[PDB]
Structures are given as C-alpha cells and as structure tokens.
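Data from target39.csv: CSV, C-alpha atoms
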```csv
chain,number,residue,atom,x,y,z
A,1,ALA,CA,0.0,0.0,0.0
A,2,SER,CA,1.0,3.6,-0.7
A,3,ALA,CA,1.6,6.0,2.0
A,4,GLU,CA,-1.6,7.7,0.7
A,5,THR,CA,-3.6,4.4,1.0
A,6,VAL,CA,-2.3,3.8,4.6
A,7,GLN,CA,-3.0,7.3,5.6
A,8,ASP,CA,-6.6,7.4,4.4
A,9,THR,CA,-7.6,3.7,4.9
A,10,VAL,CA,-5.8,3.1,8.3
A,11,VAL,CA,-4.0,6.2,9.9
A,12,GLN,CA,-7.0,8.6,9.7
A,13,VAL,CA,-9.7,6.1,10.7
A,14,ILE,CA,-7.8,5.6,14.0
A,15,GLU,CA,-7.0,9.3,14.6
A,16,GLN,CA,-10.6,10.3,14.4
A,17,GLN,CA,-11.3,8.2,17.5
A,18,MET,CA,-8.3,9.3,19.5
A,19,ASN,CA,-10.1,11.5,21.9
A,20,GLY,CA,-11.5,11.3,25.4
A,21,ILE,CA,-8.1,10.2,26.6
A,22,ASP,CA,-6.9,11.6,29.9
A,23,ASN,CA,-3.8,13.8,30.1
A,24,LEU,CA,-3.3,13.6,26.3
A,25,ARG,CA,-0.6,16.1,25.3
A,26,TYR,CA,-0.3,15.5,21.6
A,27,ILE,CA,-0.9,12.9,18.8
A,28,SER,CA,1.4,12.5,15.8
A,29,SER,CA,1.7,9.9,13.0
A,30,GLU,CA,3.6,8.6,9.8
A,31,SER,CA,2.4,6.7,6.7
A,32,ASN,CA,5.0,5.2,4.4
A,33,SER,CA,5.7,3.6,1.0
A,34,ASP,CA,6.7,0.3,2.5
A,35,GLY,CA,3.1,0.1,3.9
A,36,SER,CA,3.9,0.7,7.5
A,37,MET,CA,2.5,3.4,9.8
A,38,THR,CA,2.7,4.7,13.4
A,39,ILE,CA,0.5,6.9,15.5
A,40,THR,CA,2.2,8.2,18.6
A,41,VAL,CA,0.0,9.5,21.3
A,42,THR,CA,2.3,11.3,23.8
A,43,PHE,CA,1.0,12.0,27.4
A,44,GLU,CA,1.5,14.5,30.2
A,45,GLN,CA,4.4,13.9,32.7
A,46,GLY,CA,3.1,11.9,35.6
A,47,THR,CA,0.6,9.8,33.6
A,48,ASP,CA,0.4,6.1,34.4
A,49,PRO,CA,1.6,4.3,31.3
A,50,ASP,CA,-0.7,1.4,32.0
B,1,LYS,CA,-25.1,-2.4,-15.8
B,2,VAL,CA,-25.3,-2.6,-19.6
B,3,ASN,CA,-28.5,-3.1,-21.6
B,4,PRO,CA,-29.0,-4.7,-25.1
B,5,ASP,CA,-28.2,-1.4,-26.9
B,6,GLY,CA,-26.9,2.2,-26.2
B,7,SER,CA,-23.8,3.4,-24.4
B,8,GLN,CA,-24.1,2.8,-20.6
B,9,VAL,CA,-26.3,3.3,-17.5
B,10,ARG,CA,-25.0,5.3,-14.5
B,11,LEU,CA,-25.9,6.1,-10.8
B,12,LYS,CA,-27.2,9.6,-11.8
B,13,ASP,CA,-30.1,7.8,-13.6
B,14,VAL,CA,-31.2,6.1,-10.4
B,15,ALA,CA,-30.5,8.6,-7.6
B,16,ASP,CA,-29.4,12.1,-6.5
B,17,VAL,CA,-25.8,12.4,-5.5
B,18,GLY,CA,-24.6,15.4,-3.5
B,19,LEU,CA,-22.9,16.1,-0.1
B,20,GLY,CA,-25.5,15.6,2.6
B,21,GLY,CA,-25.1,14.7,6.3
B,22,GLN,CA,-24.3,11.4,8.2
B,23,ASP,CA,-27.0,12.3,10.7
B,24,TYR,CA,-30.0,14.5,10.0
B,25,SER,CA,-31.4,14.1,13.6
B,26,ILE,CA,-29.9,16.7,16.1
B,27,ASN,CA,-30.6,20.3,14.8
B,28,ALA,CA,-29.4,23.5,16.5
B,29,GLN,CA,-30.2,27.3,16.6
B,30,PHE,CA,-28.4,30.2,18.5
B,31,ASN,CA,-31.2,32.8,19.1
B,32,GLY,CA,-33.3,31.6,16.2
B,33,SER,CA,-30.5,31.8,13.6
B,34,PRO,CA,-29.5,28.3,12.3
B,35,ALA,CA,-26.3,27.2,13.8
B,36,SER,CA,-24.2,24.4,15.0
B,37,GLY,CA,-22.3,23.8,18.2
B,38,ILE,CA,-20.2,21.4,20.2
B,39,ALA,CA,-21.1,20.6,23.9
B,40,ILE,CA,-17.9,19.7,25.7
B,41,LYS,CA,-17.9,17.8,29.0
B,42,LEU,CA,-15.0,18.3,31.5
B,43,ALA,CA,-12.5,15.6,31.9
B,44,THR,CA,-12.2,13.8,35.3
B,45,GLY,CA,-9.6,15.8,37.3
B,46,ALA,CA,-9.3,18.9,35.1
B,47,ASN,CA,-9.8,22.5,36.2
B,48,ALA,CA,-12.9,24.3,34.6
B,49,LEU,CA,-11.2,27.7,34.6
B,50,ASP,CA,-8.0,26.3,33.1
C,1,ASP,CA,-26.9,-26.1,1.9
C,2,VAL,CA,-28.5,-26.4,5.3
C,3,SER,CA,-26.1,-23.8,6.8
C,4,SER,CA,-26.5,-21.3,3.9
C,5,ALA,CA,-30.3,-21.9,4.3
C,6,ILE,CA,-30.4,-21.4,8.1
C,7,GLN,CA,-28.4,-18.2,7.6
C,8,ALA,CA,-30.8,-17.0,5.0
C,9,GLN,CA,-34.1,-17.5,7.0
C,10,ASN,CA,-32.9,-16.6,10.5
C,11,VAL,CA,-31.4,-13.1,10.3
C,12,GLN,CA,-32.7,-10.0,12.1
C,13,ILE,CA,-33.4,-7.5,9.3
C,14,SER,CA,-32.6,-3.9,10.2
C,15,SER,CA,-35.7,-2.2,8.9
C,16,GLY,CA,-35.5,1.6,9.2
C,17,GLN,CA,-37.9,4.4,10.2
C,18,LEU,CA,-41.2,5.6,8.7
C,19,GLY,CA,-40.7,9.3,8.5
C,20,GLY,CA,-36.9,9.4,9.0
C,21,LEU,CA,-34.6,12.3,8.2
C,22,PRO,CA,-34.7,14.1,5.9
C,23,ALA,CA,-38.5,14.0,5.2
C,24,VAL,CA,-41.1,15.6,2.9
C,25,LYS,CA,-42.4,19.0,4.1
C,26,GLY,CA,-45.2,18.3,6.6
C,27,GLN,CA,-45.6,14.5,7.3
C,28,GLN,CA,-45.8,15.2,11.1
C,29,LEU,CA,-46.0,11.4,11.9
C,30,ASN,CA,-42.7,9.5,12.2
C,31,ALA,CA,-42.4,5.9,13.6
C,32,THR,CA,-39.9,3.0,13.9
C,33,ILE,CA,-40.8,0.0,11.8
C,34,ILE,CA,-39.9,-3.3,13.6
C,35,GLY,CA,-39.2,-6.1,11.1
C,36,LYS,CA,-39.0,-9.8,12.1
C,37,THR,CA,-36.5,-10.9,14.7
C,38,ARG,CA,-34.6,-14.3,14.5
C,39,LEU,CA,-36.4,-17.7,14.8
C,40,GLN,CA,-37.1,-19.2,18.3
C,41,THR,CA,-38.8,-22.6,18.4
C,42,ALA,CA,-37.5,-25.9,17.2
C,43,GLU,CA,-40.6,-26.0,14.9
C,44,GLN,CA,-39.7,-22.7,13.1
C,45,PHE,CA,-36.3,-24.3,12.5
C,46,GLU,CA,-37.8,-27.5,11.2
C,47,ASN,CA,-39.5,-25.4,8.5
C,48,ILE,CA,-36.7,-23.2,6.9
C,49,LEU,CA,-37.2,-24.6,3.4
C,50,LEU,CA,-34.1,-25.9,1.4
```

Show this structure as structure tokens.
Amino acid sequence: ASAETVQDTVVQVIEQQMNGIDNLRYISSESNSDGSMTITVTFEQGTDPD
Amino acid sequence: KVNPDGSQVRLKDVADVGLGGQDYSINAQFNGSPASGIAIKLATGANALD
Amino acid sequence: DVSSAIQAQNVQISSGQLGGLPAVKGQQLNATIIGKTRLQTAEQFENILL
C-alpha cells in the first residue's frame, strides 16, 4: 500500500477516535511507501503508562 | 449495468448524488438563527477555569 | 446447503424508520418499523425450506 492508502484507509480512521483520553498532550503519525504506519499518542508527565 | 443497446447506465439515472449529512437528527439554533455547536464535558480531574 | 439456508431464513433484518430524516415537508408522523427478529422454536427451524 501507498503512504496515501495507509494514511486514508488506516491512519486517519484511528486518529478520528483518539479523543476522550486523559492527560493527552499531543498525537502524531507517519504513513510510508513500505506500507507501515505509526500513530504516537504522547502524554503529560506523571501519567500512568498502564 | 449494460442493456442490449446504447452506451451505458450510471448512478445519476437512479438517484441524487450530492454532499448531505451522516445524521439529520440533532438540529441547532443560537437565538433563532440556524447554527451548530459542540457541547464539551469536562475531563475527570481537570480545572474548569483552566 | 443447510447452513446457507439457516443463515438465509434466520437473520434479524434492520428495517428503518417511517418518516426518518430528511423527510417531505409536513408529514408530522414518524415511527420505527420493527421487522421480524430471528427464529425461536424448534418448529420454526424444522421449517426453513431448502
């Protein structure tokens, strides 16, 4: 899959639900030619990682 | 589909196709004038004023 | 054939609303339309034609 395909069939479908998360600082992501992707949801200092 | 004769049939010939809304239910107005709005609930622990 | 058949004649059909949105100007009377729900008795099962 193309970066464009992974972004609009996978990466954006998840992102639109990433809310109502406590102490959420910011969300970022990547979509790539090799088909892979990552969404990284970074939290406030002090948050319980569990 | 494709009939015995002619060029081809399309979706235009069986329905209307423009941008609508996912949900036509909840409708809003701010002092009469049509409007929209987003009602946000406070997260557990967070400071209203902040 | 039996499975395909059982699946065919034992499936809750969604069945929408009678006056949903949007609607034609006026109407005034909107109501849910409840279809059939899935089979229940052994006898109903003994009858799902093949």

Which is closer to residue 31 (chain C) than all the others in C:10, C:43, C:15, C:4, using all atoms listed in the file?
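Of C:10, C:43, C:15, C:4, the one nearest residue 31 (chain C), counting all atoms listed in the file, is C:15.
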
Quick one: which chain B residues come within 10 Å of chain A, and what is the nearest atom pair for each with the distance in Å to one decimal, counting all atoms listed in the file, rows ordered by chain and ascending number, as a Markdown table?
```
| residue | atom | partner | partner_atom | distance |
| --- | --- | --- | --- | --- |
| B:41 | CA | A:20 | CA | 9.8 |
| B:42 | CA | A:20 | CA | 9.9 |
| B:43 | CA | A:22 | CA | 7.2 |
| B:44 | CA | A:22 | CA | 7.9 |
| B:45 | CA | A:22 | CA | 8.9 |
| B:46 | CA | A:23 | CA | 9.0 |
```

Quick check: residues of chain C within 9 Å of chain B, all atoms listed in the file, returned as a CSV table (one decimal) with C-alpha atoms, in the frame of the given file.
```csv
chain,number,residue,atom,x,y,z
C,20,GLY,CA,-36.9,9.4,9.0
C,21,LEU,CA,-34.6,12.3,8.2
C,22,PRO,CA,-34.7,14.1,5.9
```

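Here CA of residue 47 (chain A) and CA of residue 19 (chain A) stand 15.9 Å from one another.
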
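When CA of residue 35 (chain C) is paired with CA of residue 27 (chain B), their separation reads 28.0 Å.
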
Between CA of residue 40 (chain A) and CA of residue 28 (chain A) - distance in Å to one decimal
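Going from CA of residue 28 (chain A) over to CA of residue 40 (chain A), I get 5.2 Å.
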